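This report refers to the structure that appears directly beneath it.
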2 protein chains.
Amino acid sequence: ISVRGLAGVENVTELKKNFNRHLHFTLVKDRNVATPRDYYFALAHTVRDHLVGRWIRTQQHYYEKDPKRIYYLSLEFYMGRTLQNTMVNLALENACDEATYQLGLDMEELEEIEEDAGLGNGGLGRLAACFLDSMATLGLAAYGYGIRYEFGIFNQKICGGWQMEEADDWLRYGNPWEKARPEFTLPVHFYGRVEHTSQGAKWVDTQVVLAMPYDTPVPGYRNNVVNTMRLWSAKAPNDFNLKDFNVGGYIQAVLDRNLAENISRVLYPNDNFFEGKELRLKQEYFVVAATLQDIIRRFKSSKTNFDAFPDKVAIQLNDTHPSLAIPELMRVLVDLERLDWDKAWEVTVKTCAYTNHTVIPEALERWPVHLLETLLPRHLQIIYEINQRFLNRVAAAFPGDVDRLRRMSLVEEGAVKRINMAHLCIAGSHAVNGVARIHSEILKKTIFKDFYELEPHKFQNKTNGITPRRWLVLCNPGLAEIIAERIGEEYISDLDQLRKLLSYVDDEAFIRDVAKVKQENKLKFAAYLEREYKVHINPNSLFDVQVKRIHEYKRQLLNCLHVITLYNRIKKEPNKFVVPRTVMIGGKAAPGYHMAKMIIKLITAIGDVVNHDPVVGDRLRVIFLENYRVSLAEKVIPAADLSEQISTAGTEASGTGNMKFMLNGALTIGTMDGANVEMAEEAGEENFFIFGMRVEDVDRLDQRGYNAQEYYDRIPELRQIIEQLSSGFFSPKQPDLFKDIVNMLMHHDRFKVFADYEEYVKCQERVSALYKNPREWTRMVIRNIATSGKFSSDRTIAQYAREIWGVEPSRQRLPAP
Amino acid sequence: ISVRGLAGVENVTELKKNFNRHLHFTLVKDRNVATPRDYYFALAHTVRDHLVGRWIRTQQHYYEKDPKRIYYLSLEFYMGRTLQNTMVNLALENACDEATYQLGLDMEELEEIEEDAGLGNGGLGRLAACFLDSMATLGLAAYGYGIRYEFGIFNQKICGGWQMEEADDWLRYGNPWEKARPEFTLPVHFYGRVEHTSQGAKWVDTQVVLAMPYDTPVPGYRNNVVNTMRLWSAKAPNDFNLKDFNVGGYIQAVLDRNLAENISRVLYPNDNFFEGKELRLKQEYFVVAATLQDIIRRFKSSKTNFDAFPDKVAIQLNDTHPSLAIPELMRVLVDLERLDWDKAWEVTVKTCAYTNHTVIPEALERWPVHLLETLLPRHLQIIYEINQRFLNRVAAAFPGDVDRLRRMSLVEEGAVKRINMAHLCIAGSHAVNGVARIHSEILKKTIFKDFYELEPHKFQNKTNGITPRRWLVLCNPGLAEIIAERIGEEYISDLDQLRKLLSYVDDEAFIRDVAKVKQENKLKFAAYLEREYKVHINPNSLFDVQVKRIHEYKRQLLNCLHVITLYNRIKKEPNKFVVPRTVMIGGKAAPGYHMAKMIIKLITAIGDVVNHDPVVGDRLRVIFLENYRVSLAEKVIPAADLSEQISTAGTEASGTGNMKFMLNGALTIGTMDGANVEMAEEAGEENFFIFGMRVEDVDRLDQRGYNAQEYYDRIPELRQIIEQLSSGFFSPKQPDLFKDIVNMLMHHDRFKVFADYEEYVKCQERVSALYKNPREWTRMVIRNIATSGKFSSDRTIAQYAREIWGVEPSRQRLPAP
Ligand SMILES: O=C(NC(=O)c1ccccc1)N[C@@H]1O[C@H](CO)[C@@H](O)[C@H](O)[C@H]1O
Ligand SMILES: O=C(NC(=O)c1ccccc1)N[C@@H]1O[C@H](CO)[C@@H](O)[C@H](O)[C@H]1O
Ligand SMILES: O=C(NC(=O)c1ccccc1)N[C@@H]1O[C@H](CO)[C@@H](O)[C@H](O)[C@H]1O
Ligand SMILES: O=C(NC(=O)c1ccccc1)N[C@@H]1O[C@H](CO)[C@@H](O)[C@H](O)[C@H]1O
Ligand SMILES: *Cc1c(COP(=O)(O)O)cnc(C)c1O
Ligand SMILES: *Cc1c(COP(=O)(O)O)cnc(C)c1O
């Protein structure tokens with residue numbers, strides 16, 4: 001049925017009886033009242049049972065061997081569903097498929113019942129999830145640490161073409177994958193004040209909030225390793241949250257417990273602008289304070305000289321969100337352990353490493369000093385001391401460079417004083433990395449130039465990657481099978497072996513097969529679109545898709561302009577042939593991001609005109625993919641023909657969706673941005689659809705001055721589109737509905753959409769020409785898939801391991817379960 | 001080892017392997033890191049597995065047979081721990097005892113880890129729990145319906161002799177006994193307004209709150225019947241609690257979900273005064289609205305003529321708390337089902353029955369009309385209509401009795417209009433009952449005289465009872481064994497058979513045995529007092545205990561006066577012999593009940609003086625039992641010698657603790673109040689220590705006028721005590737600390753403590769005389785235990801069943817598991 005593993009006779013029999021066991025004793029049901037949800041749960045429990053054995057030994061192994069431990073701190077872990085992924089890494093997929101079949105059930109139908117663990121916004125969160133999988137697969141003693149939000153990323157509903165946010169109550173029916181561990185609750189402090197007494201500083205009169213951990217198993221690919229992802233939940237103490245006597249009301253006191261537990265209540269959906277809310281700072285300290293106590297406690301056991309701390313501990317900071325870990329490690333070392341400053345700092349720097357994910361200014365965390373002053377007084381004092389000593393180092397290296405001193409400070413003066421968390425991370429980490437070659441170069445040349453000049457050795461690059469298990473074997477078993485048929489299975493944990501596929505580029509059989517799975521994928525998706533969303537699309541057209549969070553820099557708007565152009569060209573010459581296209585755009589907009597929400601409305605408004613024009617027929621379809629999330633990505637990507645990666649050169653740090661499409665047989669049309677540069681470089685520019693300005697062209701335009709009017713004046717096709725928008729062509733009842741978009745495009749477009757319009761349209765024409773030649777299109781596809789091996793997160797993790805953490809990856813199977 | 005069941009070789013082997021199974025797959029632990037808590041959980045899960053089979057068939061049986069269903073609605077279910085009770089009703093106690101022994105564990109130690117399900121204040125809540133057990137044991141198709149509070153009754157801490165309330169986070173480590181059932185969530189409405197349109201009224205624009213049920217199994221005694229207790233949890237909808245757009249903040253919207261979920265957050269600890277808070281009214285409608293939908297849905301399946309509704313459904317209201325069930329049944333029948341009023345009312349009255357638990361005015365629920373108007377507009381309209389028609393019935397029966405009309409109204413005029421919920425319950429129920437003969441007579445003669453005259457057939461009596469399984473076999477296995485040794489085991493589900501023990505009253509062997517288990521119980525308790533509370537008491541002294549919630553009417557104060565007298569007599573004649581006594585007083589005070597909290601302080605203040613007076617020696621010890629609750633009651637009661645049931649005649653509706661002591665070998669000193677009257681009547685007044693005024697004497701005193709000064713003037717011993725209190729004898733640092741108590745005792749004592757002082761002290765002297773004669777004391781004990789059969793809740797339930805519900809109890813075993 002596929003290399004989803006063997007379906008042993010004893011294995012299938014055992015699975016079946018354990019499924020019935022759980023349905024009865026665990027769910028307390030019987031085949032006569034069980035709903036598909038109960039069936040999903042019976043199965044999830046049966047599969048989960050196979051992890052326990054390995055989970056306990058893996059952890060036991062690390063205790064005995066005592067290897068260097070890697071701690072990945074992130075406020076986001078975009079996990080998605082875990083049932084199928086678990087069957088895959090455990091080689092149980094076929095056995096479970098058979099067993100459920102015999103019990104008279106459809107496994108695929110049950111898999112659709114599982115909720116997505118949406119504890120992330122997009123790329124940054126999903127990277128942590130791919131990393132956890134690769135770390136387990138490469139046998140590293142790694143732990144994922146984060147917050148267990150009861151509400152993850154909101155569920156997107158489109159109402160009247162507008163995005164509506166709805167709470168994601170993913171825990172409603174329970175999470176069979178987690179294991180609560182109250183025996184490990186830890187106390188986290190907030191507020192209070194600092195007392196300077198004889199022997200050191202003391203943080204007192206603090207408000208206490210408890211951190212209760214929940215452990216989720218992270219199984220490596222067929223190596224019997226099961227690592228742990230520990231997520232903290234906020235809990236109020238039963239005393240003072242009732243004990244601070246002297247009136248107020250007993251009832252009120254217990255009802256007010258929810259104020260402390262609000263910390264882990266919801267994931268912040270803000271993607272673009274840095275708000276600076278107090279609740280968010282709390283979430284950040286909460287995950288940091290609880291995690292470090294856990295890290296140090298585990299170290300103290302190992303095998304009190306903290307000199308060996310960096311030899312046993314590695315802490316990777318996923319962006320600046322968990323940056324408080326630096327001053328928090330110092331506080332503990334200096335205040336509680338009583339280490340001298342200098343010794344404590346040496347230790348801290350040697351164990352911390354920081355990862356940057358963007359260069360846009362509005363996203364940078366710059367916390368008001370008055371907030372840190374009230375909430376974390378001692379940390380502010382430690383940050384000031386860190387700054388003092390750091391600036392003393394700068395002054396000594398660049399004497400008299402008074403301006404460099406203010407540029408490099410961790411403290412920003414002005415309206416309100418703020419602490420630049422990124423500067424804090426650079427000063428307190430022994431390594432700082434970008435997520436793609438071009439991005440890492442930009443960090444050295446621009447944003448962190450002063451820091452690079454001070455300590456060049458700190459800056460590195462670690463190009464992002466995706467996990468081939470979830471992003472190929474799991475979502476595209478068909479494609480995975482035909483590949484395995486020719487080169488074997490070893491590539492699933494060694495993606496570089498995909499290169500061997502280059503020798504089949506002229507294979508008439510392979511070409512036919514590659515083209516066949518893609519057609520099957522498209523038919524399956526086209527069906528799902530009608531089943532769950534009733535719309536109907538032509539599976540013979542080119543599937544043009546751009547799925548990612550809605551941002552001005554991602555330029556979904558540039559895509560919209562192309563779509564309107566196509567429609568206008570058809571209306572001009574109705575009886576001329578054009579390659580049919582089904583362009584799908586999907587993604588969530590941050591709730592307070594007005595422009596982003598205006599763009600979602602435009603997309604649906606275009607579809608309302610285009611999808612009902614009789615002259616267009618089935619030649620052009622504009623579809624907005626509702627509620628884009630991980631489980632939905634697993635469906636669209638394998639079915640896409642054209643992947644849109646059109647950000648303004650220099651704005652997308654790396655991108656990972658782009659790597660997901662390349663691995664699944666879609667061709668890419670994009671700019672020389674982020675990882676796009678390395679993908680084209682791996683597959684050859686001839687096998688890529690590159691267009692638009694390069695980072696340098698954008699700069700040149702900026703020196704000169706970007707004037708949108710110039711393009712409006714010289715391109716009739718562009719002018720016509722803008723007039724359609726202004727006249728209400730796409731919004732009859734509300735003629736001025738899109739005045740904000742037109743206004744922005746013409747007067748304040750930071751992303752030069754117009755500047756790339758002409759080259760983008762022409763490039764899109766070359767894509768349509770190649771699609772007209774099935775054989776050649778597929779041959780190009782084979783060359784993209786065959787050279788995508790570099791983008792596996794196993795490669796990324798092996799580099800972090802070797803160049804940053806100081807640990808050697810191992811593909812050695814753990815001593816059975 | 002006892003008639004805790006057989007310990008079969010195959011049974012013990014099976015238990016052991018399943019314990020290891022759960023420890024591994026369920027707890028995800030291994031013998032090397034397991035804590036006693038993990039062990040308790042492994043066992044709880046192993047025991048719980050034996051209920052599933054029976055639970056599913058019992059429910060399946062009721063579906064097929066379709067018997068009349070009994071629904072017990074209560075806002076309180078004081079369950080206590082369920083591990084041991086489950087082993088008892090399943091005859092697994094000895095097998096589990098053996099199995100854990102072989103695994104090298106102490107079962108008793110593990111049992112102590114379980115948390116008490118403290119979803120009740122005291123007697124009313126614990127009665128519901130005893131009733132659920134008896135209903136299962138008598139094979140009735142009964143369901144307990146209530147609210148699943150995440151915080152039950154507060155944990156009492158004594159600080160400086162003062163009571164401190166602390167949140168009871170009983171769900172912290174999880175509840176292995178419940179089974180969440182989200183597939184049965186139901187919507188409950190609040191607020192809104194009423195619309196009168198062509199065909200009937202309509203309740204619109206209501207705020208919606210979801211009710212998610214959690215099912216807990218209620219196993220009958222060795223009959224394989226497992227009934228269900230369904231507890232509702234409040235959940236917010238994910239839409240409007242985020243969907244009511246137009247600014248406010250996305251974050252805020254999801255954080256504000258806690259406002260709707262606050263409904264099931266905490267149990268109201270108010271014992272004495274009726275507050276009338278909005279949150280409480282919500283809790284009451286919430287349990288009523290969700291339960292009725294569930295009841296009707298189950299009826300519609302059965303086997304739409306609601307004419308047969310009362311033949312298939314019986315709804316017992318535990319006090320007026322769930323009284324909204326009456327107008328809510330009408331709303332559904334009239335508004336939704338479209339039945340004519342009269343037909344709907346006939347149905348409602350025939351299915352509802354009401355139980356009264358007190359006659360004190362301050363406890364009666366009288367809801368302000370403005371509250372019902374805002375929160376439940378339609379119900380207010382239905383209540384007014386009910387009142388109209390009812391008063392029309394009264395006017396027709398007593399023409400011209402204009403005053404009877406105002407006395408009987410459900411609507412009370414005055415300062416603020418209120419709805420008298422008790423009047424509502426009488427009008428809408430076919431049966432109204434008191435909980436003890438004297439109490440039921442008082443209801444007819446006083447409080448409900450007008451209603452009794454109108455419909456005499458409605459009023460009944462159903463004297464309370466306690467379950468012999470938990471209150472004998474479970475907490476006093478020793479005593480249960482020696483009884484079984486002589487008369488067999490049949491008495492555990494037929495307590496009347498205890499009468500057979502009368503023929504052993506002169507048995508030298510039995511006398512020695514009865515006296516021996518009590519001494520063993522006292523030594524065990526004396527040890528527990530030092531282990532967990534470090535204090536040290538003499539196990540040879542008389543154990544004088546009064547445990548129950550602190551109320552002025554229970555007169556813990558009358559007890560305190562006796563204690564001070566004893567101490568004063570010893571100080572007067574130090575070298576005179578007196579029967580050593582260890583008087584223990586325990587109970588929680590409602591948080592806002594000032595007087596009650598002042599009484600707790602007095603008790604501890606007395607102990608501070610008495611327990612450290614060298615002249616007193618070990619002759620007198622005053623101990624305050626911290627955090628009195630069900631699990632603690634299971635410990636003290638079996639170890640008590642003297643049970644204090646000294647409420648003012650006419651104030652304690654029934655009492656049940658009194659029945660718990662009688663069954664466990666303690667002698668009773670009390671007034672002719674509540675059930676005390678029937679207990680003395682069953683055992684013979686010669687075998688009881690009765691004293692004080694009878695209900696009539698209290699009345700006579702009231703006509704005359706109660707003047708405390710009179711007693712103060714004529715009793716020197718009493719005068720001396722009051723002067724000790726006023727002078728600061730018991731509060732050196734704060735001489736006037738107890739001025740409020742003295743002031744109340746002298747000028748506003750509604751409970752005539754002084755009036756019963758002299759007779760109480762003299763009676764206490766007769767108790768001390770009998771204790772000096774071991775043989776005779778024990779012989780009297782045998783006569784109390786031998787005549788306590790009447791007080792089993794099986795008898796109570798059999799009467800409710802026959803005289804109110806119209807169903808026949810059955811002791812028939814269900815067809816195996
Ligand atoms: O929540 C989990 N999770 C797991 O057992 C588990 C096992 C393997 C992998 C992931 C989760 N288990 C739960 O642990 C509580 C407390 O011990 C039990 O009462 C409950 O019945 C059980 O399902
Ligand atoms: O997704 C984010 N950032 C956020 O989601 C985010 C979350 C909270 C606050 C600010 C930004 N960054 C993304 O991280 C991925 C993985 O490195 C990159 O490939 C991508 O180019 C970048 O934009
Ligand atoms: O909470 C319970 N309770 C019981 O199974 C149970 C069984 C018999 C008697 C009382 C409770 N079970 C729980 O049900 C959830 C959802 O199906 C599972 O994910 C979880 O592992 C299981 O322990
Ligand atoms: O316990 C209560 N009442 C409350 O706890 C209560 C709870 C909420 C609001 C008001 C009273 N009543 C008690 O119910 C038992 C059982 O019928 C009687 O024996 C006892 O005499 C009576 O006082
Ligand atoms: C891969 C992924 C992302 C990241 O996509 P980009 O194109 O890098 O912005 C975002 N969301 C989901 C659901 C993903 O699977
Ligand atoms: C039995 C019981 C009660 C009721 O006692 P009374 O003496 O009737 O007031 C109260 N609390 C607990 C814990 C009980 O077990």
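Every chain in the structure tokens takes a letter, A first, then B, and so on in the order presented; its residues are numbered from 1, and the ligands are numbered from 1 following the presented order.
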
Which chains and residue numbers are within 10 Å of ligand 3, counting only C-alpha atoms and all ligand atoms, if I want them as an NGL selection string?
-> (:A and (22-29 or 37-42 or 44-45 or 173-179)) or (:B and (26 or 44-56 or 174-182 or 214-218 or 226 or 228))

Spatial neighbours of region 684-696 of chain B, max dist 6 Å, only C-alpha atoms, sep filter under 3 positions, as a PyMOL selection string = chain B and resi 649-650+668-672+680-681+699+756+759+780

Pick from A:348, A:318, A:731, A:270: nearest to residue 77 (chain A), with only C-alpha atoms counted?
-> A:318

Neighbours of region 103-112 of chain B within 10 Å (only C-alpha atoms; same-chain residues fewer than 5 positions away dropped), as a VMD selection string?
-> chain B and resid 16 to 17 19 to 20 36 to 41 43 to 44 81 to 84 93 96 to 98 631

Kindly give the distance, in Å, that separates CA of residue 194 (chain B) and CA of residue 377 (chain B), rounded to a single decimal.
->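 It comes out at 6.6 Å.
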
Give the residues close to ligand 6, within 8 Å, counting only C-alpha atoms and all ligand atoms; write them as a ChimeraX atom specification.
-> /B:78,121-124,126-127,546-549,554,587,628-634,645,652,654-658,660

Include C-alpha atoms and write out the residues we just selected as a short mmCIF file (atom, residue, chain, number, x, y, z; two decimals), in the first residue's frame.
data_model
loop_
_atom_site.label_atom_id
_atom_site.label_comp_id
_atom_site.auth_asym_id
_atom_site.auth_seq_id
_atom_site.Cartn_x
_atom_site.Cartn_y
_atom_site.Cartn_z
CA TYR B 78 -20.72 16.44 49.68
CA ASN B 121 -21.35 22.91 53.07
CA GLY B 122 -22.57 20.27 55.51
CA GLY B 123 -25.74 18.29 56.19
CA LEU B 124 -27.85 19.20 53.16
CA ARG B 126 -23.95 15.20 52.59
CA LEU B 127 -27.58 14.03 52.59
CA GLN B 546 -19.17 18.27 68.83
CA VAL B 547 -18.43 18.43 65.11
CA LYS B 548 -20.64 20.35 62.68
CA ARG B 549 -20.70 23.78 61.03
CA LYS B 554 -26.13 24.59 67.26
CA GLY B 587 -16.44 22.93 62.26
CA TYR B 628 -13.67 19.48 59.64
CA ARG B 629 -14.83 17.70 56.48
CA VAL B 630 -16.13 14.28 55.38
CA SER B 631 -12.79 12.44 55.43
CA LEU B 632 -12.10 13.86 58.90
CA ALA B 633 -15.57 12.85 60.12
CA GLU B 634 -14.75 9.28 59.06
CA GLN B 645 -26.31 17.40 69.78
CA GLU B 652 -32.19 21.80 64.03
CA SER B 654 -33.03 16.90 61.75
CA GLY B 655 -29.25 16.59 62.01
CA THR B 656 -27.38 13.58 60.59
CA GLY B 657 -24.08 13.68 62.43
CA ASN B 658 -26.12 12.54 65.42
CA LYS B 660 -23.41 8.82 62.57
#

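Among the candidates A:331, A:321, A:588, A:569, the residue lying nearest to ligand 5 is A:588 (atoms considered: only C-alpha atoms and all ligand atoms).
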
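The interface of chain B with chain A at 6 Å, considering only C-alpha atoms, consists of residues 166, 167, 238 and 239 of chain B.
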
Resulting file, chosen residues, C-alpha atoms, as a tab-separated table (two decimals), in the first residue's frame:
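Written file, part-v1.tsv:
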chain	number	residue	atom	x	y	z
B	166	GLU	CA	-8.05	29.05	51.71
B	167	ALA	CA	-9.20	27.97	48.24
B	238	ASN	CA	-16.29	30.75	21.08
B	239	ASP	CA	-18.32	33.04	18.83

As a PyMOL selection string, please: all residues of region 609-692 of chain B that backbone DSSP puts in strand (DSSP E).
-> chain B and resi 620-625+642-645+667-670+689-690

Take CA of residue 678 (chain B) and atom 7 (C, counted along the ligand's line) of ligand 4 and report the distance between them in Å, one decimal.
->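 Answer for the CA of residue 678 (chain B) to atom 7 (C, counted along the ligand's line) of ligand 4 separation: 24.1 Å.
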
Which of these, A:75, A:317, A:339, A:560, has the shortest distance to ligand 2 once you count only C-alpha atoms and all ligand atoms?
->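 Of all the options, A:75 lies closest to ligand 2.
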
Which residues come within 9 Å of residue 583 (chain A), counting only C-alpha atoms, excluding same-chain residues fewer than 4 positions away, as a PyMOL selection string?
-> chain A and resi 542-546+563+620-624

How would the residues just chosen look if you wrote them out with N, CA, C and O atoms as a PDB file, in the first residue's frame?
ATOM      1  N   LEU A 542      -4.055  25.705 -14.057  1.00  0.00           N
ATOM      2  CA  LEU A 542      -2.814  25.818 -13.319  1.00  0.00           C
ATOM      3  C   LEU A 542      -3.171  26.286 -11.909  1.00  0.00           C
ATOM      4  O   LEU A 542      -3.906  27.257 -11.737  1.00  0.00           O
ATOM      5  N   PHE A 543      -2.671  25.581 -10.901  1.00  0.00           N
ATOM      6  CA  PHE A 543      -2.955  25.954  -9.521  1.00  0.00           C
ATOM      7  C   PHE A 543      -1.911  26.969  -9.040  1.00  0.00           C
ATOM      8  O   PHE A 543      -0.782  26.621  -8.694  1.00  0.00           O
ATOM      9  N   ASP A 544      -2.327  28.231  -9.048  1.00  0.00           N
ATOM     10  CA  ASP A 544      -1.513  29.379  -8.655  1.00  0.00           C
ATOM     11  C   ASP A 544      -1.798  29.713  -7.186  1.00  0.00           C
ATOM     12  O   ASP A 544      -2.831  30.300  -6.873  1.00  0.00           O
ATOM     13  N   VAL A 545      -0.893  29.355  -6.279  1.00  0.00           N
ATOM     14  CA  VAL A 545      -1.155  29.645  -4.875  1.00  0.00           C
ATOM     15  C   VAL A 545      -0.110  30.420  -4.070  1.00  0.00           C
ATOM     16  O   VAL A 545       1.104  30.213  -4.192  1.00  0.00           O
ATOM     17  N   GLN A 546      -0.624  31.341  -3.254  1.00  0.00           N
ATOM     18  CA  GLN A 546       0.184  32.154  -2.358  1.00  0.00           C
ATOM     19  C   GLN A 546      -0.466  32.008  -0.988  1.00  0.00           C
ATOM     20  O   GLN A 546      -1.514  32.598  -0.728  1.00  0.00           O
ATOM     21  N   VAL A 563      -3.695  39.372 -11.135  1.00  0.00           N
ATOM     22  CA  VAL A 563      -4.990  38.736 -11.317  1.00  0.00           C
ATOM     23  C   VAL A 563      -5.966  39.655 -12.042  1.00  0.00           C
ATOM     24  O   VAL A 563      -6.691  39.217 -12.938  1.00  0.00           O
ATOM     25  N   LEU A 620     -10.487  31.618 -15.536  1.00  0.00           N
ATOM     26  CA  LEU A 620      -9.897  32.312 -14.394  1.00  0.00           C
ATOM     27  C   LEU A 620     -10.766  32.232 -13.144  1.00  0.00           C
ATOM     28  O   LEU A 620     -11.932  32.628 -13.158  1.00  0.00           O
ATOM     29  N   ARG A 621     -10.184  31.712 -12.067  1.00  0.00           N
ATOM     30  CA  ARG A 621     -10.880  31.568 -10.791  1.00  0.00           C
ATOM     31  C   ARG A 621     -10.030  32.135  -9.666  1.00  0.00           C
ATOM     32  O   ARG A 621      -8.867  31.760  -9.497  1.00  0.00           O
ATOM     33  N   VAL A 622     -10.615  33.041  -8.897  1.00  0.00           N
ATOM     34  CA  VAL A 622      -9.915  33.645  -7.778  1.00  0.00           C
ATOM     35  C   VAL A 622     -10.527  33.123  -6.480  1.00  0.00           C
ATOM     36  O   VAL A 622     -11.670  33.425  -6.159  1.00  0.00           O
ATOM     37  N   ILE A 623      -9.759  32.336  -5.737  1.00  0.00           N
ATOM     38  CA  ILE A 623     -10.252  31.758  -4.496  1.00  0.00           C
ATOM     39  C   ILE A 623      -9.442  32.153  -3.268  1.00  0.00           C
ATOM     40  O   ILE A 623      -8.211  32.110  -3.290  1.00  0.00           O
ATOM     41  N   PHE A 624     -10.139  32.553  -2.203  1.00  0.00           N
ATOM     42  CA  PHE A 624      -9.471  32.903  -0.954  1.00  0.00           C
ATOM     43  C   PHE A 624      -9.582  31.718   0.008  1.00  0.00           C
ATOM     44  O   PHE A 624     -10.684  31.339   0.420  1.00  0.00           O
TER      45      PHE A 624
END

Close residues, region 403-416 of chain B itself excluded, 6 Å, only C-alpha atoms, min 6 positions apart in chain, as number ranges by chain = B: 387, 423-424

Output N, CA and C atoms of each residue in that selection to a file, as an mmCIF file, in the first residue's frame.
data_model
loop_
_atom_site.group_PDB
_atom_site.id
_atom_site.type_symbol
_atom_site.label_atom_id
_atom_site.label_comp_id
_atom_site.auth_asym_id
_atom_site.auth_seq_id
_atom_site.Cartn_x
_atom_site.Cartn_y
_atom_site.Cartn_z
ATOM 1 N N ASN B 387 -48.684 32.801 40.695
ATOM 2 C CA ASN B 387 -49.184 33.453 41.897
ATOM 3 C C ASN B 387 -50.654 33.841 41.750
ATOM 4 N N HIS B 423 -42.630 29.434 48.873
ATOM 5 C CA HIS B 423 -44.053 29.459 48.549
ATOM 6 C C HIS B 423 -44.213 28.950 47.128
ATOM 7 N N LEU B 424 -43.234 29.267 46.287
ATOM 8 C CA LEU B 424 -43.228 28.830 44.890
ATOM 9 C C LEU B 424 -43.166 27.297 44.844
#

What gap, in Å, lies between CA of residue 359 (chain A) and CA of residue 679 (chain A)?
->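 These two atoms are separated by 20.9 Å.
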
Between A:199, A:304, A:434, A:420, which is the closest to residue 335 (chain A) once you count only C-alpha atoms?
->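 Residue with the minimum atom-to-atom distance to residue 335 (chain A): A:199.
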
Backbone-only DSSP, alpha helix (DSSP H) members of region 591-766 of chain A, as a PyMOL selection string = chain A and resi 594-610+630-636+657-663+676-683+695-704+708-714+716-726+739-747+753-766

Nearest to residue 85 (chain B), chosen from B:729, B:62, B:221, B:273, with only C-alpha atoms counted in the distances |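 Residue with the minimum atom-to-atom distance to residue 85 (chain B): B:221.
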